[PDB]
Amino acid sequence: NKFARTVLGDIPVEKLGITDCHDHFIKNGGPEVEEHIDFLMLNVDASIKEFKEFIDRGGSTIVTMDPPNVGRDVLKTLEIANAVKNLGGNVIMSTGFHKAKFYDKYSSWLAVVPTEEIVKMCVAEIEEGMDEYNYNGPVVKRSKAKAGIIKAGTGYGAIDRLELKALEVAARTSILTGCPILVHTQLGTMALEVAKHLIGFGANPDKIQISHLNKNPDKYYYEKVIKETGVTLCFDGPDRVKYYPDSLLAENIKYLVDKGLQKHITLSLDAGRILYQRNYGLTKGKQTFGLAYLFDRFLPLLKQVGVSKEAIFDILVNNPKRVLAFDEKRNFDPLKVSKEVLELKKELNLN
Amino acid sequence: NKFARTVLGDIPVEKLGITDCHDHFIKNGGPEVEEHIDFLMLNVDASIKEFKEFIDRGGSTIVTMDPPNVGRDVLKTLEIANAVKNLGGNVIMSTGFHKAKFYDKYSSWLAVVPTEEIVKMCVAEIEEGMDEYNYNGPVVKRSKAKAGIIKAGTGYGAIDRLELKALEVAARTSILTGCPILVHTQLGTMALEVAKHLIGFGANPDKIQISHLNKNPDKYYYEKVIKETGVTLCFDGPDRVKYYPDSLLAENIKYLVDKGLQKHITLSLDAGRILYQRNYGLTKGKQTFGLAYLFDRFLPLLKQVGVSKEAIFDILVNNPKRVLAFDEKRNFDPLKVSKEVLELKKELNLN
Amino acid sequence: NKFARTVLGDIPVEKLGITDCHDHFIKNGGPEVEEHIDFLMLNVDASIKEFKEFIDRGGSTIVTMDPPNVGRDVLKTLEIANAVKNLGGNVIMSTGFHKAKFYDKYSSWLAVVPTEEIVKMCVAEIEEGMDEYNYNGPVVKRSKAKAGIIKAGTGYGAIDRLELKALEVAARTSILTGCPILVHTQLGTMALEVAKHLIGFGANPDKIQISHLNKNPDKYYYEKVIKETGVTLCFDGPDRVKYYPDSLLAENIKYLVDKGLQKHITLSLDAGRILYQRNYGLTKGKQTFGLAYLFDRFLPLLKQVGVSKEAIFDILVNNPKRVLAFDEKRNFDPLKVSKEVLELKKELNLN
Amino acid sequence: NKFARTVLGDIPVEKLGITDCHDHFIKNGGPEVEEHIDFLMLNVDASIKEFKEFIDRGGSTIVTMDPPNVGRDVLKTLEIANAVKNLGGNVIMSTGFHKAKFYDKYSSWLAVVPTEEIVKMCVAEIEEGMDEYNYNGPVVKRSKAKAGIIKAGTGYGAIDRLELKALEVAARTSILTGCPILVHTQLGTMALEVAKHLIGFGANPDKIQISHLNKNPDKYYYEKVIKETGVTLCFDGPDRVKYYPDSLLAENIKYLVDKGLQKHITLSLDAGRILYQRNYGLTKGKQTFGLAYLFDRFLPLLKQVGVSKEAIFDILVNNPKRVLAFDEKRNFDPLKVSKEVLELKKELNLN
Amino acid sequence: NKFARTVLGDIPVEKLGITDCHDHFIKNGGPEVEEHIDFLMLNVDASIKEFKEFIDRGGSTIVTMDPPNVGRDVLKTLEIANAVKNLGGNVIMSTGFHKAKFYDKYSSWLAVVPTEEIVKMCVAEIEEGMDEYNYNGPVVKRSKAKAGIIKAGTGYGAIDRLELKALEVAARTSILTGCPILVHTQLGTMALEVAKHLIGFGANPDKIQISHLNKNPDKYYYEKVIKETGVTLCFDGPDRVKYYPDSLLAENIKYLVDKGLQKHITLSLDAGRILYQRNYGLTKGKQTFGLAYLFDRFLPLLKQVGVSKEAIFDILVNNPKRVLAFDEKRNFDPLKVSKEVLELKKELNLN
Ligand SMILES: [Zn+2]
Ligand SMILES: [Zn+2]
Ligand SMILES: [Zn+2]
Ligand SMILES: [Zn+2]
Ligand SMILES: [Zn+2]
Ligand SMILES: [Zn+2]
Ligand SMILES: [Zn+2]
Ligand SMILES: [Zn+2]
Ligand SMILES: [Zn+2]
Ligand SMILES: [Zn+2]
């Protein structure tokens, strides 16, 4: 009797269906918008339209990976989820943290608040309800919607002490609530160490997804991470030509499948800029691709390069059915934390 | 029987002595540091040495104007206060807000949390204790030290809707607790309108300082603001040549005193960059001026252009003793808010 | 028996009334918007409201100084004019050019097209109708509305060769049509030389206004320019604190009046950024000053520093009535251009 | 009996010879130069020397792809063409448009002037003569030289509404005059959609080249575009290491040849920065590669990876003889435009 | 029998005539040019013509204040000097250093080489001949031309430890050789301390000029510096409207003269950007002001505001004849350095 926690309540995992495991609709301000205006995405109407295209093509579930302090909007996302619920659409929202670059290293709550206290706060979003004020300040107003996954983030070619902190937070929260974990890696760097640290803390590899490996297109590395740790690689990459062509990802996915690793791969669009969805594009007077592109162009390319229907079905349906399912709750035991992790925490002044 | 609220406790106002009404020692990250590395000031020893030169010269009290989310550091500022208390040094800390530039207009708590609830949070800093975590997230740990003034801020040539919200917060908190108010203006613009709105909300002009008028060196405007509203103008500007020479502030002050407005003037250094203090300067391998310059150079210049010792004594001692003294508490009545302010809030979508 | 040429037709100069000699409402794209998004001003309703406030205070005429290739929008500006005509509002539009910084120095029509052909195009806007496509390409579609002044612009501390060319275009078009001229100077530099070159070309000093001298607050210079050339100084500057305080402009205007030069001064707000008007400011969620500030704040300051009622009446009414009045048409004789101007044109490679 | 339209007149296509399908010599100002001084290219002598090296290696024709408003220089390009005509050199110039980013979205003639009128202006450059003033304003002075191709451009990962407008201008101009079309794509994105839209408007796929696919090195995509639409891919990329190594392009071209697609490929250097030509390089005191590199290095690399001498002959000679040849003139019939295109124009607010 | 040291030899001070005490003609690369292309000044012919206008107006001597590492060009400046010597023109060149901003703080020779060794190098330039390679590396090739003054520089609102070192270098060189000193202040800040420090090292106030006080227009400050130290203030400022109007400097000079301080003022244009000279301006296709403006515009303004002809003769002729005259050689005794200076060197880590 396994379940996934959607903003509208817990569902049996058999109801996940085809799942986009890392995406966006609303990004309401926050540090990312600070980097470029294209990250501001505030249109419920355009988001609903895009979600309906995804559903038209066969999809059901979208995991919106915005942590409370970086863009997340509970109220507007709830509007979307309610608009598509009668159509079979599901939304899972996230608690937790993004990479350190997005938090003030001197005075942010990630930096200053004891880990145990931050855990209580992320547990509360998984089990009681998400803060409608997104943990922006001292006033909290909890939604009835709960988060169903927790996030952490690592930076370019380095795991910052605060990132190791957030990973500990992810692991403990997952340990305590049973919830899945997904981690943003920057250009697909430090993926192996992210998995190792999470597992070293006590997290279940079965519940771990690592995003953005597409930006480090090293098929050997992909296979190493999977075989050494048992985690799952959530790829984005389709229609991101300023990074890498679609063909590059299709062939690296084929390799992993040929090596028997098809149960450890999920897909996403990570459409987290305004021009990365079709309907959002229209609001900007532009023709752009969005969620339908996955079905209209990328999956056919997977088939063309020789990935089987069966492996595609694992990627879209069975793998997410597994990695997003809640585990049973457990106690967190500090004495089970690996020595490698403890020694790193000491080196990084985290205790 | 009036008192001022210092971080070490309430003191009779006769103990304030010569008072620097707007300054800094610790700025611990935050949005300002984002603009320039020089805003990052993290040295308690350097701070204490500088406070001791200020005291050596005759000073006693420094009001550190850092609102919780912009640079404020309760723990480190307490270290500084404790180091000089036995020299008769006093530190007053601030609650409230800075100008809107420093808050995410979409998702910050200033933008999203109801005024009433923000007021509760600022009142608690004045009456229970400041959050050691500086209100930068949902976990709060209150210090024994309380804030003794509340801040608001306005931007260049404009009062943003969120700054009008912070001004209502400042007025409400002040009304409820009796605490003084100090408002940052940007280049000394909108000073008149800040005064008017605060009074319109029901705040006491006797408790209101407006900072930075020295950056809009308009003697007629100074006089207008003081005569029309009865607030106090807190000038910084000594050793700020990239803006205006010391002589200009000296002459403008001479004019106000000659007009009979000496009770409406306070002074400060606003040394909110690392090269604005002597001891901090030495930590970056430079000779720089700081708090002692007020006495060694600027007051002699005041005397030189013809400001009397009595007027100087009001500026440094009697004025602060008045405007920093807590008022008798009142209840806030929203129906007594002025029609001009009600109309503005409607126009800015605040109600 | 003189007329001014408004976008709704020529009017007796007695109908000009209180005139704002340099301002803006619509800035639709162009080189300025490239410098900052605040230069984009596209709101007809907000413009009309601001215009009505100006009329409410006693104003009648506004001269929108937008050359065709820099922001001008004939269609939207006509909407504003028609909205206020029944209130006695007048709008005068501009042909000609901005400072060289706004024109490609290699390939723009300013750089490349022979002066005589450019003159014909500017004459045509004065005498047949403004291009609704604003001279931004090879297709022209003329409005029934004609321009009633021509602009040129000079840059910081320099008159560029293309700017001398635009000065020649201005002088020739004014000579041929009788139209007035207004020149933008950058920070009030080169104003004397602008005056001299135009007169050198054959332009009537009586038709020439030079803007932005307020940004070079040198009373002796103001006096020199007026006494040596007889042109008119159009000041902006109220509520522009980042440059200079209102008080400085007032006192410099008092100086000029005291020297007998009150017939050579006009006033303007030059509200050419979106936060420089009250109603535009509301569209961005801010309280700001705009056109009414001239009457509510700056004119009373002029009185307060001692400028006579007659001088204010000249500045606001009689001087605009003189400088905006069309001259009798003349022919331009090139062999009559001053020797100073001829030599400079050789030096700058303009033949 | 087919001709190509060179700046020196129409020539039998058999006289095209080896053809560089996308290159540059003169870039006189314009928006690109605004991006980087390196785009400014003004040296006729250096350009003629480079052209002579190209001829010395066996080249004959160079298509210079500068649309009127972005860099184009009729006078100087004619100087180049006249200097090499007796050496067998041919120059073809372009009318039409660059990508939207290079035009003011509010006030540029692309934005504001009705499509039909723009078409007339582009047909005129093809059939009467190019404007020596490059359509940079309201004065036109036609050269005897005519353009022999029309350009459009699309931006990164999107076709802007104005770009769809320029594509319609390109299709209509080609249908009306018979001229060929070349489209800049940004990083090789949206190539398939560009092809379908042009075709949708009624353009002859046989007349269509699309540039920059080399920047999206996806052999499957290249193949899809060619097979589904019949257009021709004009690659640049030799000696552009900051994007991709020569080897990648060579291997992708080999792939296309192996799949039977060798008739759908042309080559170019797109030497549109000053350090992308040997002789221009010399003027800046640098050793750099230029046009000769095509023959000295890249074509030998194509042989090395196994591209047949026939495929290479097709790429350099036969394919350009087909794609650059004028079609018989036709009438444009709006009712023939595809439903997909019509629906998109509605979605983009283009009627 | 005093002499000044020009690049063509020692001259009797009576041959100085009207002397521009801080200016430029050639700025050949260096750290300044890295800040803005406008600092690049390479035109000997334009420089000569400008010098000739200066001479035509009555001027004789120009002190070019470029220290060896920042822009200085011995070869080209000699060309200029040689072209005007027969017109009675003199060029004095400089040794020493600019402000610390222009030297690598970690590894520049100023940072790393012991003070004593640097003094030897600067002494060599005054006494044997300037390095034609400008001390920009290990290979030295001395000109027959000697430097006739030594420079030092201080930064904004601070004297950097490396600037104190350079001040020590300046004092020691001056004490050893008798040469005069000129110090650039940044925005006219720290002028008092520069004076005190040089004096505390043992330099003669009679030989000291401090530049750029015009950027800190505080008349009381000017008087304090002169009255307390006896140094000379070298003003630039004419036609630098982006800082301050000419009228401000004229009035502040009038003040100093009225206080009996006319012997302590020199003048200069500091035309150290390419548009700050008339002839250089012409090479850029612009009309600009330069050296002649001193005589045509600024000196008449001085008279206008009431500065006497005798005060003006001092500023131009008598004062430079005093401050630029060599002192008799003396010995440097480090034991005689003021306690204030010793104390600061310890605080700044300079031992
Ligand atoms: Zn991510
Ligand atoms: Zn994402
Ligand atoms: Zn402030
Ligand atoms: Zn401050
Ligand atoms: Zn202007
Ligand atoms: Zn303007
Ligand atoms: Zn291109
Ligand atoms: Zn190109
Ligand atoms: Zn300098
Ligand atoms: Zn200089």
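Each chain gets a letter, A, B and so on, in the order its sequence line appears, and its residues count up from 1.
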Is the backbone N or O of B:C179 less than 3.5 Å from a side-chain atom of B:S174, with the two atoms forming a donor-acceptor pair by type? yes
Nearest heavy-atom neighbours spanning A:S107 and B:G30: OG-N, 3.8 Å
In plain terms, say whether B:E343 and B:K339 are close enough for a salt bridge, that is, a side-chain N and a carboxylate O under 4.0 Å apart. no
Hey, is the main chain of A:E127 close enough, under 3.5 Å, to the side chain of A:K146 for a donor-acceptor pair? yes
Could you tell me which non-hydrogen atom of B:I92 sits nearest to which non-hydrogen atom of B:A4, and how far apart they are? CD1-CB, 4.2 Å
Taking A:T173 for the side chain and A:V169 for the main chain, is one N or O donor matched with an acceptor at less than 3.5 Å? yes
Any sub-3.5 Å donor-acceptor pair from B:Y106's side-chain atoms to A:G71's backbone N or O? no
Approximate separation, where rounding is to 0.5 Å, of B:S338 OG and B:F201 CZ: 7.5 Å
Would you indicate whether the side-chain heavy atoms of B:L198 and B:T229 approach each other to under 4.5 Å? no
Inspect the contact between B:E53 and B:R57 and indicate whether a charged nitrogen and a carboxylate oxygen are less than 4.0 angstrom apart. no
State, with a plain yes or no, whether a side-chain heavy atom of B:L167 is found less than 4.5 Å away from one of B:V194. yes
Salt bridge or not for A:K144 and A:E132, using N-O below 4.0 Å? no
Would you say CG of A:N331 has more than 12 non-hydrogen atoms from neighbouring residues, nucleotides or ligands within 6.0 angstrom? no
Hey, do the aromatic rings of B:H22 and B:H212 have their centres closer than 6.0 Å? yes
For B:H24 and B:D270, what are the C-alpha separation, side-chain angles and deciding distance, and is it a side chain to side chain donor-acceptor pair (under 3.5 Å)? CA-CA 7 Å; B:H24 306 273; B:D270 188 22; 3.1 Å; yes
Rounded to the nearest 0.5 Å, what's the gap from CG on B:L213 to OG1 on B:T189? Could you check? 9.5 Å
Closer than 3.5 angstrom, by distance alone: can the side chain of B:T283 be matched with the main-chain N or O of B:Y280 as a donor-acceptor pair? yes
If you define the side chain from C-beta out and look only at heavy atoms, does anything of B:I118 sit under 4.5 Å from B:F97? yes
Restricting to non-hydrogen atoms, name the atom on B:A271 and the atom on B:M41 that form the minimum distance, rounded to 0.1 Å. O-CE, 3.6 Å
Non-neighbouring partners of A:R161 that pass side-chain contact (heavy atoms from CB on, under 4.5 Å), sequence neighbours left out: A:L348, A:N349, A:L350
OG1 (A:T177) and CD1 (A:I126) are apart, to the nearest 0.5 Å, by 5.0 Å
Would you mind checking if B:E117 and A:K141 are paired as a salt bridge, meaning a charged N to carboxylate O distance below 4.0 Å? no
So do A:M121 and A:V113 actually touch side chain to side chain, heavy atoms under 4.5 Å? no
Any chance you could measure B:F51, atom CZ, to B:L87, atom CG, to the nearest 0.5 Å? 9.0 Å
With side chains defined as the heavy atoms from C-beta onward, is the minimum distance between B:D66 and B:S94 less than 4.5 Å? no
Short side-chain to backbone donor-acceptor contact, B:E50 and B:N279, under 3.5 Å: yes
Here the pair of heavy atoms bringing B:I175 nearest to B:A203 is CD1-N, 3.9 Å
If you draw a 6.0 Å radius around CD in B:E14, do more than 12 non-hydrogen atoms from other residues or ligands fall strictly inside? yes
Does the B:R330 side chain pair with the main chain of B:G202, one donor and one acceptor, at a distance under 3.5 Å? yes
Check each of B:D20, B:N90, B:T6 against B:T61 using the side-chain hydrogen bond (donor to acceptor under 3.5 Å, both in side chains) test, and report the only one that passes. B:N90
B:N69 and B:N136: CA distance, side-chain angles, deciding distance, side chain to side chain donor-acceptor pair (under 3.5 Å) verdict: CA-CA 6 Å; B:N69 301 302; B:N136 293 142; 2.7 Å; yes
Can you establish whether the number of heavy atoms outside A:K101 located under 6.0 Å from its atom NZ is more than 12? no
Does any N or O in the side chain of B:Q277 come within less than 3.5 Å of the main-chain N or O of B:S47, such that one atom is a donor and the other an acceptor? no
Would you say that B:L291 contacts B:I62 through its side chain, given a criterion of any heavy-atom pair below 4.5 Å between the two side chains? yes
For a 4.5 angstrom cut-off between non-hydrogen side-chain atoms, does B:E34 reach A:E34? no
Output for pair (B:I199 CD1, B:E228 CD), nearest 0.5 Å, gives 10.5 Å
Hey, is the main chain of A:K99 close enough, under 3.5 Å, to the side chain of A:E163 for a donor-acceptor pair? no
So, are B:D10 and B:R5 salt-bridged, with charged N and O less than 4.0 Å apart? yes
With side chain to side chain contact (heavy atoms under 4.5 Å, CB included) as the criterion, how do B:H197 and B:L344 come out once you've worked through the C-alpha distance, each side chain's angles and the decisive distance to 0.1 Å? CA-CA 9 Å; B:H197 299 148; B:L344 191 54; 3.3 Å; yes
Just checking B:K85: does its NZ atom have more than 12 heavy atoms from other residues, nucleotides or ligands closer to it than 6.0 angstrom? yes
B:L110 to B:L162 - nearest heavy-atom pair and separation: CD2-O, 3.8 Å
One pair to check against side chain to side chain contact (heavy atoms under 4.5 Å, CB included): B:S211 and B:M65. What are the steps and the verdict? CA-CA 10 Å; B:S211 270; B:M65 291 309 310; 5.9 Å; no
Using modelled atom types and a 3.5 Å cut-off, is there a donor and acceptor pairing between side-chain atoms of A:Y103 and backbone atoms of A:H98? yes
With a 4.5 Å limit on heavy-atom distance, are the side chains of A:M130 and A:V7 in contact? yes
Can you list the steps and then say if B:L8 with B:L78 is a side chain to side chain contact (heavy atoms under 4.5 Å, CB included)? CA-CA 8 Å; B:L8 261 17; B:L78 276 169; 3.9 Å; yes
How about B:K15: does its NZ atom have over 12 heavy atoms from other parts shown lying under 6.0 Å from it? yes
Using every non-hydrogen atom in the two residues, find where B:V231 and B:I226 come nearest and quote the distance to one decimal. O-CG1, 4.1 Å
For the NZ atom on B:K321, are there more than 12 heavy atoms of other groups (residues, nucleotides or ligands in this structure) within a distance under 6.0 Å? yes
The reported gap from NE2 in B:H184 to SG in B:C234 (rounded to nearest 0.5 angstrom) is 12.5 Å
Pair B:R322, B:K2 - check side chain to side chain contact (heavy atoms under 4.5 Å, CB included), show working. CA-CA 9 Å; B:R322 168 174 71 62; B:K2 303 283 164 207; over 6 Å; no
